[PDB]
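Asks: Let me give you the structure first, and then I'll get to my questions.
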Protein chains: 2
Amino acid sequence: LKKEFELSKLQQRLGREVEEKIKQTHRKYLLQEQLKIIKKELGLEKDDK
Amino acid sequence: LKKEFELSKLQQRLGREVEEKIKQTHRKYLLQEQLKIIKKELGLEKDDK
C-alpha cells in the first residue's frame, strides 16, 4: 500500500505544481493585461486601415 | 490506559523500526519505481508518420 502511496503523493505534488504553474502564468497575464489597458486607456488614436 | 498505550506504543515502535529498515532500501529503488511508472503507464503510440 505504501509503495502505491509514495507514487500517489508524488503525483499529487506534481499535479499541483503543473496546475499552479498554469495559474502563475495566467494570473500574471491578467496583471500585464491590466498594465497594458492602463498604458492605453488615455485618449489616443487607433492605428488601422 | 498505561498498558494499552504501551501495547500500541511497542507495536508502533517495533513497526517504526521495521519502517526504518525498509527505509534502508535505497532511494535508487524508489527512482527505479518511478522508472517503472515511465515504462508501465501508457501503451499504444497512435499516429505513426
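Each chain in the C-alpha cells gets a letter, A, B, ..., in the order shown, and its residues are numbered from 1; ligands are numbered from 1 in order too.
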Where does chain B end up after superposition onto chain A over all in-order Cα pairs? Give it as a compact mmCIF listing (two decimals) with C-alpha atoms, in the first residue's frame.

Replies:
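Saved the output as part.txt:
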# COMPACT_ATOMS: atom_id res chain seq x y z
CA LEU B 1 -3.60 0.55 -7.95
CA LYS B 2 -2.00 1.76 -4.71
CA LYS B 3 1.37 2.24 -6.40
CA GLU B 4 -0.12 3.89 -9.50
CA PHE B 5 -2.30 6.21 -7.44
CA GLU B 6 0.73 7.04 -5.31
CA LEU B 7 2.71 7.83 -8.46
CA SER B 8 -0.06 10.07 -9.81
CA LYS B 9 -0.49 11.55 -6.33
CA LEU B 10 3.20 12.27 -5.81
CA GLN B 11 3.33 13.90 -9.22
CA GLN B 12 0.15 15.88 -8.55
CA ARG B 13 1.41 16.96 -5.12
CA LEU B 14 4.88 17.94 -6.33
CA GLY B 15 3.13 19.78 -9.16
CA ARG B 16 0.70 21.36 -6.71
CA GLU B 17 3.77 22.54 -4.80
CA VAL B 18 5.13 23.97 -8.04
CA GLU B 19 1.72 25.55 -8.54
CA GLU B 20 1.81 27.19 -5.10
CA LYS B 21 5.31 28.52 -5.71
CA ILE B 22 4.10 29.99 -8.98
CA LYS B 23 1.10 31.36 -7.08
CA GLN B 24 3.76 33.11 -4.95
CA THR B 25 4.12 35.29 -8.05
CA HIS B 26 2.34 38.41 -7.00
CA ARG B 27 -1.13 39.43 -8.17
CA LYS B 28 0.51 42.60 -9.53
CA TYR B 29 1.90 40.33 -12.27
CA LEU B 30 -1.63 39.20 -13.14
CA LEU B 31 -2.86 42.78 -13.20
CA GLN B 32 0.20 43.64 -15.31
CA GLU B 33 -0.88 40.92 -17.72
CA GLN B 34 -4.30 42.51 -17.89
CA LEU B 35 -2.54 45.84 -18.49
CA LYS B 36 -0.76 44.15 -21.37
CA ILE B 37 -4.15 43.04 -22.66
CA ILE B 38 -5.10 46.74 -22.62
CA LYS B 39 -2.00 47.54 -24.68
CA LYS B 40 -1.83 44.49 -27.01
CA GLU B 41 -5.52 43.97 -27.99
CA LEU B 42 -6.21 46.68 -30.61
CA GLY B 43 -4.16 48.59 -33.14
CA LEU B 44 -5.52 51.20 -35.52
CA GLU B 45 -7.52 54.21 -34.30
CA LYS B 46 -9.59 54.87 -37.39
CA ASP B 47 -11.47 58.23 -37.67
CA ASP B 48 -9.29 61.06 -36.57
CA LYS B 49 -11.44 64.21 -36.16

Asks: DSSP on the backbone, then: every residue of chain A marked helix (DSSP H, G or I), written as a ChimeraX atom specification.

Replies: /A:2-40

Asks: Restrict the selected residues to C-alpha atoms and save them as a compact mmCIF listing (two decimals), in the first residue's frame.

Replies:
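Result file follows (out.txt):
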# COMPACT_ATOMS: atom_id res chain seq x y z
CA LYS A 2 2.78 2.45 0.87
CA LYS A 3 4.53 1.50 -2.38
CA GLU A 4 1.47 2.75 -4.20
CA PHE A 5 1.20 5.69 -1.75
CA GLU A 6 4.63 7.15 -2.47
CA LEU A 7 3.88 7.45 -6.16
CA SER A 8 0.42 8.88 -5.44
CA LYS A 9 1.74 11.64 -3.16
CA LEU A 10 4.48 12.36 -5.71
CA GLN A 11 1.82 12.65 -8.42
CA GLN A 12 -0.21 14.93 -6.18
CA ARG A 13 2.75 17.26 -5.72
CA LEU A 14 3.47 17.11 -9.47
CA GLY A 15 -0.15 17.87 -10.35
CA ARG A 16 -0.41 20.87 -8.05
CA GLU A 17 2.92 22.10 -9.42
CA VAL A 18 1.85 21.89 -13.07
CA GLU A 19 -1.52 23.46 -12.30
CA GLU A 20 -0.07 26.24 -10.15
CA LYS A 21 2.42 26.97 -12.90
CA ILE A 22 -0.54 27.42 -15.25
CA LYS A 23 -2.11 29.74 -12.68
CA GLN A 24 1.12 31.70 -12.19
CA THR A 25 1.19 32.02 -15.98
CA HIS A 26 -2.33 33.32 -16.40
CA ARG A 27 -2.60 35.40 -13.24
CA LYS A 28 0.48 37.32 -14.29
CA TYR A 29 -1.03 37.60 -17.74
CA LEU A 30 -4.03 39.30 -16.17
CA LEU A 31 -1.66 41.66 -14.38
CA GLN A 32 0.22 42.51 -17.56
CA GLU A 33 -3.05 42.94 -19.38
CA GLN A 34 -4.22 45.39 -16.70
CA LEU A 35 -0.87 47.16 -17.13
CA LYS A 36 -1.49 47.46 -20.87
CA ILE A 37 -5.05 48.76 -20.51
CA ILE A 38 -3.76 51.50 -18.17
CA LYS A 39 -0.96 52.33 -20.61
CA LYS A 40 -3.50 52.51 -23.47
